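Written below as structure tokens is the structure these notes are about.
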Amino acid sequence: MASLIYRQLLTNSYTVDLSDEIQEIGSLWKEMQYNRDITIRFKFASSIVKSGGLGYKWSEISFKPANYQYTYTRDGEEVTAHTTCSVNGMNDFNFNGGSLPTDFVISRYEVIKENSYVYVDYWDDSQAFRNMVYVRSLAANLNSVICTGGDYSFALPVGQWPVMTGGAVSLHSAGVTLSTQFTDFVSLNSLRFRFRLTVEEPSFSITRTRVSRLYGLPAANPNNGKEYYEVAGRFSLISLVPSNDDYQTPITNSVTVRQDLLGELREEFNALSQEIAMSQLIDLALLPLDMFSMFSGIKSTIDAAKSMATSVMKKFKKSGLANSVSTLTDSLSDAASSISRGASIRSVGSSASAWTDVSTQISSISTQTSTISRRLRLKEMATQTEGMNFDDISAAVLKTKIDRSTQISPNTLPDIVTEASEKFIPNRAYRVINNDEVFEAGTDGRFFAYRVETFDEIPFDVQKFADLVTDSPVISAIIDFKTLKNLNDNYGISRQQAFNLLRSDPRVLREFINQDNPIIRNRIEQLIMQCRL
Amino acid sequence: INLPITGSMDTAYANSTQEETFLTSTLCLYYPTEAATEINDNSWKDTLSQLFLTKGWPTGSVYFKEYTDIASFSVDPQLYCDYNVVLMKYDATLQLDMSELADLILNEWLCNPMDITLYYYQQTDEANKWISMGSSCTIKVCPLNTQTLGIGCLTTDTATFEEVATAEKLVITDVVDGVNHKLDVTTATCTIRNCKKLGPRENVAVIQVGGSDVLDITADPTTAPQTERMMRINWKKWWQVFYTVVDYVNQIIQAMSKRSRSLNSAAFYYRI
Amino acid sequence: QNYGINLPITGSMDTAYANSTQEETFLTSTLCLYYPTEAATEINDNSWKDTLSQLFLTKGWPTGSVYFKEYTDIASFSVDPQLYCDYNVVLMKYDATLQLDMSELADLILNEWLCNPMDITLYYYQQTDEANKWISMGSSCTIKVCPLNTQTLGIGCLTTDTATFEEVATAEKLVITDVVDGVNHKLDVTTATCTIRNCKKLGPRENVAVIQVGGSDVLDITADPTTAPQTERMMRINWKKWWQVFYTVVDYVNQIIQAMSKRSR
Amino acid sequence: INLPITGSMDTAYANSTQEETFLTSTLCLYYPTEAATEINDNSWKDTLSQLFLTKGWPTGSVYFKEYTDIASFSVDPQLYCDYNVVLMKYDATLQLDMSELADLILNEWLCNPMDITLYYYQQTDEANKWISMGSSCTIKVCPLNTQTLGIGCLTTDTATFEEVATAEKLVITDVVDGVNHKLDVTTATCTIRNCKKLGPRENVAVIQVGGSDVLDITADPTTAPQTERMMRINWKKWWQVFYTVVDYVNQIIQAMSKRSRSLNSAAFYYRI
Amino acid sequence: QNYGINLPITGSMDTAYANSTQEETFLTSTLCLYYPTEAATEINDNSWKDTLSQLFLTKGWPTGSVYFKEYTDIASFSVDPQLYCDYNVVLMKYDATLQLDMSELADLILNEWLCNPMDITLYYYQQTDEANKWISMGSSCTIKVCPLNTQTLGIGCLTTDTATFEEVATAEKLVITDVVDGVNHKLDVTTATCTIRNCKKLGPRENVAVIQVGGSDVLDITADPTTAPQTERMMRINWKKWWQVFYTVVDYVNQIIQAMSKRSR
Ligand SMILES: *[C@@H]1O[C@H](CO)[C@@H](O)[C@H](O)[C@H]1NC(C)=O
Ligand SMILES: *[C@@H]1O[C@H](CO)[C@@H](O)[C@H](O)[C@H]1NC(C)=O
Ligand SMILES: *[C@@H]1O[C@H](CO)[C@@H](O)[C@H](O)[C@H]1NC(C)=O
Ligand SMILES: *[C@@H]1O[C@H](CO)[C@@H](O)[C@H](O)[C@H]1NC(C)=O
Ligand SMILES: [Ca+2]
Ligand SMILES: [Ca+2]
Ligand SMILES: [Ca+2]
Ligand SMILES: [Ca+2]
Ligand SMILES: [Ca+2]
Ligand SMILES: [Ca+2]
Ligand SMILES: [Ca+2]
Ligand SMILES: [Ca+2]
Ligand SMILES: [Ca+2]
Ligand SMILES: [Ca+2]
Ligand SMILES: [Ca+2]
Ligand SMILES: [Ca+2]
């Protein structure tokens with residue numbers, strides 16, 4: 001569950017590729033209340049480029065960005081505003097009367113249809129457009145406009161004039177995003193809306209030609225002499241003004257942030273480690289905290305809310321954990337395939353098993369046990385375990401810290417999740433049960449064999465512990481033999497409680513933690529203090 | 001000191017701390033220029049010194065402080081004495097001025113500064129007010145609605161603001177607690193500070209020398225209290241007033257007690 | 001929640017270390033630097049304050065928590081030094097002709113003084129204990145003192161002729177005077193220009209931190225000549241510029257705040 | 001060697017290794033030209049050697065290496081001996097220069113070179129600094145943000161950078177540890193290297209021939225340490241200085257200790 | 001983590017051979033080639049460095065771990081060779097007129113020397129053991145020695161008439177002088193142009209690898225005329241071009257790094 005979240009990150013890694021593709025082909029806190037009113041007055045431009053010859057042929061009639069700067073009244077103050085209108089995704093038609101130099105030819109001219117989209121960047125000298133540096137949500141409700149094309153005559157020096165007329169489309173507001181206007185010394189943060197085009201009744205046509213009953217709006221005279229087109233509405237915007245002790249609300253948002261750069265985030269984690277409780281933590285460490293539930297309580301910024309899970313995933317599949325997993329899978333595959341020329345490095349067990357191939361040894365049984373235990377961390381996020389599955393506790397600590405820690409940011413949470421997953425409980429032990437005989441092991445080179453009912457040690461049977469841990473399910477050492485025996489001695493323990501502690505059952509664990517057993521509280525506090533970062 | 005204190009009821013009453021608190025404390029009178037004027041003398045201070053020397057206050061314990069005007073005194077009072085007395089003349093045209101002075105020096109304030117241009121301030125509780133001091137404090141304020149727009153005012157036009165003060169030297173501004181206010185103030189001539197009120201200042205003693213009690217320490221019109229260090233005298237001269245003070249100083253120092261919070265010389269603490 | 005009372009505290013030596021307060025005390029505290037005009041003059045920039053604040057941001061001190069408060073010279077800063085912050089750092093240039101002024105300044109700000117007023121025209125005062133002194137502030141203080149015998153007669157000075165008095169100061173913007181504790185003195189001061197206050201030294205203000213930017217350590221805080229101590233918050237740098245000084249202060253601010261402790265009074 | 005050591009407290013103190021470390025080690029004084037000039041002799045080196053020969057140091061073990069001035073010496077000090085003594089004069093103008101000299105020779109540094117035009121570097125810990133040597137290093141620094149843009153500086157206009165060093169032969173720059181800086185440097189004259197400070201160099205010994213102890217080895221303004229091999233003398237001549245050195249050399253070598261890290265003729269280790 | 005001590009080590013014969021360190025040291029280390037200007041001349045290509053780096057990329061070394069460092073001539077390189085990398089390769093041309101010079105270069109860089117200074121003017125030195133030599137560098141050295149007898153007088157030379165001395169060097173950029181070990185010698189050296197150091201030879205420097213691009217093996221590292229050894233990191237090549245040589249080095253770099261071992265000091 002709390003390890004299922006890591007398994008799900010690894011599983012859904014395949015979305016990072018398409019996210020990067022999209023990005024490539026594209027390229028204490030408080031709250032302030034916009035939902036203020038606006039009126040956007042804009043207009044189009046055109047770019048006409050004629051060919052030489054006798055003057056009967058054009059090679060381009062295309063659209064062009066168009067700025068505009070005006071003033072209007074809002075809530076009793078005259079505000080100066082500035083718009084910039086452009087288009088994307090248009091149909092390029094062409095007319096051709098022949099190859100002779102005297103035949104009417106428009107080699108390419110643009111028309112915006114329902115498959116096009118126009119963008120209108122907006123800006124004014126109000127307070128919102130300097131306060132919108134950290135946004136939580138943005139959405140606008142604007143009325144529609146109907147923009148119609150006007151009369152346009154082609155200057156043919158000889159003969160009759162072709163008259164471009166008709167054409168009309170309806171802009172309705174659909175989509176709001178942020179943008180920037182780049183000045184000579186400073187930059188301005190702006191709010192660009194996207195209107196969708198809906199074709200209308202008036203059909204564009206080119207007189208004295210075989211073109212008629214053609215809908216859309218071309219670039220010849222889109223404004224039809226109108227000085228501008230005007231939409232009116234309201235824009236709703238939420239802010240993340242980094243305020244403080246509950247007074248002195250900023251204005252202009254009055255802040256810089258950690259973009260000037262972990263050295264102090266680690267100290268925050270090491271301050272928040274021990275404050276965490278244990279009973280509620282065990283109550284939280286059994287919950288399948290999938291992507292939504294893990295990334296809901298984060299009051300993110302408008303960009304982090306869009307890319308948070310993918311942001312952490314693109315770094316989570318770069319780490320020792322992911323690389324070790326891929327290495328293990330490659331080892332298993334190459335072992336199942338290479339048998340004829342079989343990799344004969346080592347096999348501490350009945351036969352060759354990738355889980356039991358000691359290597360990189362830069363006591364012998366201690367080394368073997370530690371090396372075999374460095375792969376039970378992979379068993380944990382491979383679902384061949386039975387108990388509290390230590391990575392689950394690590395993820396519970398993670399989700400309990402990143403909901404409190406003030407210092408959380410879009411660039412920041414990535415590689416924090418991974419440093420957590422990598423450095424939480426570095427040393428950790430596991431056990432396997434077989435005919436009432438428990439064989440333990442730990443990455444710190446320690447092994448303990450012992451019987452369930454009467455805890456008394458036994459020689460550690462290697463080449464059997466391996467044969468069992470390879471295939472049989474594994475368990476975690478939350479209740480490891482040292483503390484287990486201390487408990488069975490001082491706090492006299494029953495058969496069922498001991499079996500459930502071997503199986504690492506949260507019911508009996510939380511029951512002891514509520515019975516105030518210091519020989520378990522100390523162990524859980526040790527696990528917390530190891531989950532330090 | 002969050003720790004508790006324990007005691008009993010059988011213990012015996014100790015000797016009187018009077019006749020030693022005098023030797024180990026100082027006293028400071030604040031008197032208006034009118035007093036020295038009507039007196040028309042230059043040794044009245046040494047006279048009151050030698051009178052206190054009979055009443056038990058030793059020679060180097062008493063001090064006097066002329067203050068030309070009630071407002072001039074209200075402008076940043078600097079009280080550093082183990083016992084303070086203030087003789088306050090009555091003037092109906094200065095009722096709110098010498099009620100604000102009372103509320104300021106009788107009680108203990110914890111003050112943060114205010115940057116009106118970089119920030120928009122509010123109040124949290126019913127004890128978080130804005131005290132402005134200076135030579136001419138003309139204040140105007142605009143309350144902002146739920147959507148950061150003005151209520152009966154405009155964020156750009158200062159004329160539309162609501163004038164709460166007009167060419168005053170000390171103003172204690174209380175507004176609706178729970179809304180964001182934009183301000184406009186003569187920041188060149190006056191500094192305005194957001195202060196929380198705390199436990200009282202038992203070190204001072206205001207003595208209204210004229211008419212009936214008017215001082216409303218409490219900014220809410222429901223208590224209208226009258227404390228023990230808020231006294232009243234009827235006067236036709238000033239020597240009689242000072243003789244009264246001298247003869248009944250022990251009662252005033254019984255009405256007063258040395259502070260507990262800390263040492264400081266101002267009417268308010270600064271905590272940024 | 002007893003106030004102005006002192007009671008026995010108790011504890012033990014098995015307690016686990018509670019927290020780690022840095023990076024939270026930073027967020028919930030305010031820091032205030034006091035730099036000289038020479039530094040801004042050598043820097044010649046209108047954005048260095050915002051720059052240093054953005055830098056402190058990395059160390060954890062947020063934007064609206066760091067403050068800068070210029071001072072023209074050591075004398076101008078010693079005249080009524082109003083240090084009101086949760087953490088104060090002071091930079092101090094070295095000048096052998098100002099050792100006593102910049103030691104008096106240290107003795108004043110580092111230590112917490114309880115100061116009663118003084119009325120010279122009427123009263124003749126005496127110092128009771130070794131921690132009782134007379135601190136005079138103003139534009140220019142000129143102090144003269146006549147000790148007096150048991151019969152209020154002068155010793156080497158005439159109570160009427162001020163010229164006979166013995167001079168201890170001459171147009172100083174700050175004097176800290178320690179005289180023979182146990183005899184009554186008659187004083188003469190330029191009261192119209194400077195104020196003198198009879199002060200007693202309580203324990204030390206752990207809220208400030210002085211940093212001598214230049215020469216060797218010379219600050220003789222304690223008036224007595226036997227101790228000549230040097231505390232934790234009395235720092236020393238060698239310099240040839242000021243940007244390096246500020247970068248060093250920033251990079252080692254955490255040590256400074258571990259050397260400083262929030263106030264008790 | 002990561003293996004552990006063991007011992008005991010019943011073992012006895014062995015004989016003196018002094019009077020053999022002299023026979024199997026070398027000593028090297030670094031004095032200023034002012035000394036030779038004041039002396040105005042030619043065989044004073046042979047004199048000091050024949051004097052040392054009584055204290056035990058044999059003929060072919062002592063060496064004298066002249067340096068014209070503190071900065072000229074600071075530029076690439078080539079200390080290669082088994083015992084180094086340096087005599088350094090006091091000058092309030094060269095205070096920081098001869099504190100940086102101390103920080104450089106007294107301590108052992110691991111240095112990586114820097115490519116400024118092609119890269120932008122930062123600092124990591126409290127012991128990673130940038131040391132620049134040469135005829136005149138005029139360094140300017142511009143901090144940057146995460147998105148490679150200036151903070152109080154413009155990445156194009158060099159004249160907007162922050163000049164930390166102006167015409168200094170040896171500079172030891174410490175900047176804020178965590179942020180990326182862009183540097184402008186006179187690469188044609190000076191070379192600047194990112195060096196991490198290792199443990200101290202126990203092979204050298206500084207002697208401030210003049211004023212009070214001012215050397216601040218550690219760049220943090222809290223320690224201000226005074227190490228063992230950092231002496232101070234008062235002088236009016238140089239013969240008295242050298243006689244003092246010779247007469248109390250055994251104490252100097254008892255405060256020094258041959259290195260452990262490695263053999264190397266430079267004042268800092270180079271590991272690319 | 002004890003330093004400056006020698007402690008006994010232990011081991012066994014049951015431990016298994018760990019995975020290979022090549023393709024990890026190739027990333028966590030650095031390589032530095034030294035080539036002669038003749039090669040760049042014959043080549044006349046401004047991109048050969050990036051070409052060879054991209055070729056190394058296939059063999060494992062990353063792009064910013066390899067360095068090429070030119071040198072005009074064997075003698076101009078012998079003059080103060082400051083090798084600081086993790087794996088150094090040197091290419092060396094064969095020239096019978098430079099046999100001893102390019103053998104001294106080998107005996108200098110291949111081995112690790114503990115070098116103390118020398119004061120010709122004052123002292124008369126001697127060699128204690130067979131591994132104490134006198135190595136002199138500079139633009140042009142001219143060394144002349146005079147042995148002494150028991151009573152500090154010359155043996156076939158006069159302590160005043162320098163001309164009587166015996167000439168061991170004549171206008172050499174690098175010299176390695178081994179004289180009779182056990183007799184006091186006086187020296188005359190043009191110290192303006194050259195510096196002479198008294199060095200002791202220690203275990204080999206396993207960081208450098210010399211490659212004689214030309215004729216037969218003549219390099220006699222050891223000065224005793226009995227060993228005449230050929231070491232592992234002392235290679236020979238036949239050549240008619242230079243692209244082929246660099247391709248050989250790139251294709252057999254792993255063998256070179258197997259024949260070399262990182263330093264101990
Ligand atoms: C330390 O943590 C405990 C509980 O975790 C809390 O009660 C205490 O206030 C903390 N200390 C500080 C100085 O905040
Ligand atoms: C307390 O007062 C009584 C009555 O005056 C007196 O006898 C006694 O001495 C006083 N206590 C002390 C400690 O002096
Ligand atoms: C150490 O000194 C003692 C006393 O002089 C001497 O007897 C002994 O031989 C010395 N040790 C050695 C190893 O010579
Ligand atoms: C060395 O090779 C073996 C066999 O393929 C492999 O199991 C081991 O992980 C390798 N070593 C490292 C450090 O990857
Ligand atoms: Ca008023
Ligand atoms: Ca209120
Ligand atoms: Ca109004
Ligand atoms: Ca002074
Ligand atoms: Ca006199
Ligand atoms: Ca005294
Ligand atoms: Ca310098
Ligand atoms: Ca600048
Ligand atoms: Ca640093
Ligand atoms: Ca030679
Ligand atoms: Ca001869
Ligand atoms: Ca020899």
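Letters A, B, ... go to the chains of the structure tokens in the order shown; residues in each chain start at 1; ligands are counted from 1 in the same order.
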
12 Å shell around ligand 13 using only C-alpha atoms and all ligand atoms, listed as a JSON list (two decimals) with N, CA and C atoms, in the first residue's frame:
```json
[["chain", "number", "residue", "atom", "x", "y", "z"],
["C", 244, "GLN", "N", 32.97, 41.11, 0.46],
["C", 244, "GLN", "CA", 33.47, 39.91, 1.11],
["C", 244, "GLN", "C", 32.99, 39.83, 2.55],
["C", 245, "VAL", "N", 32.96, 40.97, 3.25],
["C", 245, "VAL", "CA", 32.49, 41.01, 4.63],
["C", 245, "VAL", "C", 31.03, 40.57, 4.71],
["C", 246, "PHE", "N", 30.19, 41.13, 3.85],
["C", 246, "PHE", "CA", 28.77, 40.79, 3.89],
["C", 246, "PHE", "C", 28.54, 39.34, 3.48],
["C", 247, "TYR", "N", 29.25, 38.85, 2.46],
["C", 247, "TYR", "CA", 29.15, 37.45, 2.08],
["C", 247, "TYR", "C", 29.58, 36.53, 3.22],
["C", 248, "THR", "N", 30.59, 36.94, 3.99],
["C", 248, "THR", "CA", 31.05, 36.12, 5.11],
["C", 248, "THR", "C", 30.00, 36.09, 6.22],
["C", 249, "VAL", "N", 29.47, 37.27, 6.57],
["C", 249, "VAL", "CA", 28.36, 37.37, 7.52],
["C", 249, "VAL", "C", 27.22, 36.44, 7.12],
["C", 250, "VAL", "N", 26.84, 36.48, 5.84],
["C", 250, "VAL", "CA", 25.75, 35.63, 5.36],
["C", 250, "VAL", "C", 26.11, 34.16, 5.51],
["C", 251, "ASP", "N", 27.27, 33.76, 4.98],
["C", 251, "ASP", "CA", 27.67, 32.36, 4.98],
["C", 251, "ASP", "C", 27.86, 31.79, 6.38],
["C", 252, "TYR", "N", 28.13, 32.63, 7.38],
["C", 252, "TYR", "CA", 28.32, 32.20, 8.76],
["C", 252, "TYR", "C", 27.32, 32.87, 9.71],
["C", 253, "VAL", "N", 26.12, 33.17, 9.21],
["C", 253, "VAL", "CA", 25.09, 33.77, 10.05],
["C", 253, "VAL", "C", 24.59, 32.78, 11.09],
["D", 122, "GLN", "N", 29.90, 26.83, -7.88],
["D", 122, "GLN", "CA", 29.32, 27.20, -6.59],
["D", 122, "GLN", "C", 30.21, 26.65, -5.49],
["D", 123, "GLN", "N", 29.80, 26.89, -4.25],
["D", 123, "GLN", "CA", 30.40, 26.31, -3.06],
["D", 123, "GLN", "C", 29.41, 25.37, -2.39],
["D", 124, "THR", "N", 29.95, 24.41, -1.64],
["D", 124, "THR", "CA", 29.19, 23.32, -1.05],
["D", 124, "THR", "C", 29.14, 23.39, 0.47],
["D", 125, "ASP", "N", 30.29, 23.49, 1.12],
["D", 125, "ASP", "CA", 30.42, 23.44, 2.57],
["D", 125, "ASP", "C", 31.19, 24.66, 3.05],
["D", 126, "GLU", "N", 31.45, 24.71, 4.36],
["D", 126, "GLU", "CA", 32.10, 25.86, 4.98],
["D", 126, "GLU", "C", 33.61, 25.88, 4.78],
["D", 127, "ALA", "N", 34.18, 24.88, 4.09],
["D", 127, "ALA", "CA", 35.62, 24.77, 3.87],
["D", 127, "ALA", "C", 36.02, 24.76, 2.40],
["D", 128, "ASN", "N", 35.07, 24.94, 1.47],
["D", 128, "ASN", "CA", 35.35, 25.04, 0.04],
["D", 128, "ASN", "C", 35.40, 26.51, -0.33],
["D", 129, "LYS", "N", 36.60, 27.02, -0.61],
["D", 129, "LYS", "CA", 36.82, 28.41, -0.97],
["D", 129, "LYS", "C", 37.51, 28.47, -2.33],
["D", 130, "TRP", "N", 37.69, 29.68, -2.84],
["D", 130, "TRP", "CA", 38.34, 29.92, -4.13],
["D", 130, "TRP", "C", 39.61, 30.73, -3.90],
["D", 131, "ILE", "N", 40.77, 30.14, -4.18],
["D", 131, "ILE", "CA", 42.05, 30.81, -3.99],
["D", 131, "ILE", "C", 42.60, 31.20, -5.36],
["D", 172, "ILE", "N", 41.55, 34.93, -1.23],
["D", 172, "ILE", "CA", 40.84, 33.74, -0.77],
["D", 172, "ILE", "C", 39.38, 34.14, -0.63],
["D", 173, "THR", "N", 38.59, 33.85, -1.65],
["D", 173, "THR", "CA", 37.19, 34.26, -1.72],
["D", 173, "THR", "C", 36.31, 33.17, -1.11],
["D", 174, "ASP", "N", 35.53, 33.56, -0.10],
["D", 174, "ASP", "CA", 34.40, 32.79, 0.40],
["D", 174, "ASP", "C", 33.12, 33.53, 0.06],
["D", 175, "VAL", "N", 32.20, 32.84, -0.61],
["D", 175, "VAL", "CA", 30.91, 33.40, -1.02],
["D", 175, "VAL", "C", 29.83, 32.53, -0.42],
["D", 176, "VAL", "N", 28.56, 32.88, -0.67],
["D", 176, "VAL", "CA", 27.46, 32.16, -0.05],
["D", 176, "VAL", "C", 27.43, 30.74, -0.60],
["D", 177, "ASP", "N", 27.31, 29.77, 0.31],
["D", 177, "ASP", "CA", 27.47, 28.36, -0.02],
["D", 177, "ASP", "C", 26.10, 27.76, -0.34],
["D", 178, "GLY", "N", 25.88, 27.47, -1.62],
["D", 178, "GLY", "CA", 24.61, 26.95, -2.09],
["D", 178, "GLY", "C", 24.14, 27.52, -3.41],
["D", 179, "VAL", "N", 24.60, 28.73, -3.76],
["D", 179, "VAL", "CA", 24.15, 29.43, -4.97],
["D", 179, "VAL", "C", 25.27, 29.40, -6.00],
["D", 194, "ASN", "N", 39.33, 26.14, -7.10],
["D", 194, "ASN", "CA", 38.35, 25.79, -6.07],
["D", 194, "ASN", "C", 38.99, 24.76, -5.15],
["D", 195, "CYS", "N", 39.29, 25.17, -3.93],
["D", 195, "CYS", "CA", 40.09, 24.39, -2.99],
["D", 195, "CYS", "C", 39.29, 24.12, -1.73],
["D", 196, "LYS", "N", 39.29, 22.86, -1.31],
["D", 196, "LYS", "CA", 38.67, 22.43, -0.06],
["D", 196, "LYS", "C", 39.77, 22.30, 0.99],
["D", 197, "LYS", "N", 39.50, 22.83, 2.18],
["D", 197, "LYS", "CA", 40.50, 22.82, 3.25],
["D", 197, "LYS", "C", 40.47, 21.48, 3.97],
["D", 218, "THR", "N", 40.69, 30.82, 10.46],
["D", 218, "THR", "CA", 39.36, 30.35, 10.08],
["D", 218, "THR", "C", 38.50, 31.53, 9.66],
["D", 219, "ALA", "N", 37.93, 31.44, 8.45],
["D", 219, "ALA", "CA", 37.18, 32.56, 7.89],
["D", 219, "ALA", "C", 35.90, 32.87, 8.65],
["D", 220, "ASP", "N", 35.42, 31.96, 9.51],
["D", 220, "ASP", "CA", 34.21, 32.25, 10.27],
["D", 220, "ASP", "C", 34.54, 33.21, 11.41]]
```

Contacts of range 47-53 of chain E within 7 Å, only C-alpha atoms, excl. fewer than 2 positions in-chain, as an MDAnalysis selection string: chainID E and resid 45 55:57 63 66

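Residues of chain D lying within 8 Å of chain A, counting only C-alpha atoms, are residues 144, 145, 146, 147, 178, 179 and 180 of chain D.
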
Please save N, CA and C atoms of the selected residues as a compact mmCIF listing (two decimals), in the first residue's frame.
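Okay, this is what ended up in result_23.txt:
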```txt
# COMPACT_ATOMS: atom_id res chain seq x y z
N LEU D 144 23.64 34.07 -9.23
CA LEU D 144 22.57 33.74 -10.16
C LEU D 144 21.47 33.00 -9.41
N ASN D 145 20.34 32.84 -10.09
CA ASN D 145 19.19 32.08 -9.60
C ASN D 145 19.12 30.74 -10.34
N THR D 146 18.08 29.97 -10.03
CA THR D 146 17.92 28.65 -10.64
C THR D 146 17.81 28.72 -12.16
N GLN D 147 17.30 29.82 -12.71
CA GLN D 147 17.05 29.97 -14.14
C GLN D 147 18.11 30.83 -14.83
N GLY D 178 25.88 27.47 -1.62
CA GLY D 178 24.61 26.95 -2.09
C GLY D 178 24.14 27.52 -3.41
N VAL D 179 24.60 28.73 -3.76
CA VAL D 179 24.15 29.43 -4.97
C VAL D 179 25.27 29.40 -6.00
N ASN D 180 24.87 29.46 -7.27
CA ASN D 180 25.78 29.48 -8.40
C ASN D 180 26.19 30.92 -8.70
```

Residues of chain D within 8 Å of chain E, only C-alpha atoms counted, as a list in words: residues 1, 2, 3, 4, 5, 26, 45, 46, 59, 60, 63, 80, 81, 259, 260, 261, 262, 263, 270, 271 and 272 of chain D

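Listed by chain and then residue number, the contacts of ligand 7 are residues 142, 151, 152, 153, 159, 160, 161 and 162 of chain B (distance at most 8 Å, using only C-alpha atoms and all ligand atoms).
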
Could the residues in this selection be saved with N, CA, C and O atoms as a PDB file, in the first residue's frame?
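Output (again.pdb):
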```
ATOM      1  N   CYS B 142      -9.225  52.804   3.986  1.00  0.00           N
ATOM      2  CA  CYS B 142     -10.206  52.181   3.106  1.00  0.00           C
ATOM      3  C   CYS B 142     -10.368  50.717   3.504  1.00  0.00           C
ATOM      4  O   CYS B 142      -9.392  49.951   3.392  1.00  0.00           O
ATOM      5  N   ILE B 151     -14.647  49.385  -0.070  1.00  0.00           N
ATOM      6  CA  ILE B 151     -16.028  49.534   0.376  1.00  0.00           C
ATOM      7  C   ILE B 151     -16.230  51.013   0.665  1.00  0.00           C
ATOM      8  O   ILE B 151     -15.723  51.537   1.666  1.00  0.00           O
ATOM      9  N   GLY B 152     -16.966  51.691  -0.211  1.00  0.00           N
ATOM     10  CA  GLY B 152     -17.107  53.127  -0.098  1.00  0.00           C
ATOM     11  C   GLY B 152     -15.837  53.894  -0.385  1.00  0.00           C
ATOM     12  O   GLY B 152     -15.727  55.059   0.008  1.00  0.00           O
ATOM     13  N   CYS B 153     -14.871  53.273  -1.058  1.00  0.00           N
ATOM     14  CA  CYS B 153     -13.606  53.922  -1.367  1.00  0.00           C
ATOM     15  C   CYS B 153     -12.984  53.219  -2.565  1.00  0.00           C
ATOM     16  O   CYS B 153     -13.471  52.183  -3.025  1.00  0.00           O
ATOM     17  N   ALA B 159      -8.783  60.614  -1.946  1.00  0.00           N
ATOM     18  CA  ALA B 159      -9.892  61.458  -1.513  1.00  0.00           C
ATOM     19  C   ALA B 159     -11.068  60.622  -1.021  1.00  0.00           C
ATOM     20  O   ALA B 159     -11.750  60.999  -0.061  1.00  0.00           O
ATOM     21  N   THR B 160     -11.318  59.483  -1.668  1.00  0.00           N
ATOM     22  CA  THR B 160     -12.440  58.625  -1.308  1.00  0.00           C
ATOM     23  C   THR B 160     -12.266  57.941   0.045  1.00  0.00           C
ATOM     24  O   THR B 160     -13.249  57.408   0.571  1.00  0.00           O
ATOM     25  N   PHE B 161     -11.058  57.934   0.610  1.00  0.00           N
ATOM     26  CA  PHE B 161     -10.812  57.277   1.886  1.00  0.00           C
ATOM     27  C   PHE B 161     -11.632  57.939   2.996  1.00  0.00           C
ATOM     28  O   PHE B 161     -12.210  59.016   2.829  1.00  0.00           O
ATOM     29  N   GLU B 162     -11.657  57.276   4.154  1.00  0.00           N
ATOM     30  CA  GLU B 162     -12.431  57.709   5.311  1.00  0.00           C
ATOM     31  C   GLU B 162     -11.467  58.312   6.327  1.00  0.00           C
ATOM     32  O   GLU B 162     -10.611  57.612   6.878  1.00  0.00           O
TER      33      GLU B 162
END
```

Interface list for chain E, partner chain A, 10 Å threshold, only C-alpha atoms, as a VMD selection string: chain E and resid 14 to 21

Residue 233 in chain D environment, 8 Å, only C-alpha atoms, sequence neighbours closer than 2 positions dropped, as a PyMOL selection string: chain D and resi 207-211+231+235+241

Polymer residues at most 9 Å from range 194-199 of chain E, only C-alpha atoms, same-chain spacing of 4 or more positions, as a ChimeraX atom specification: /E:113-120,127,131-142,173,175,189-190
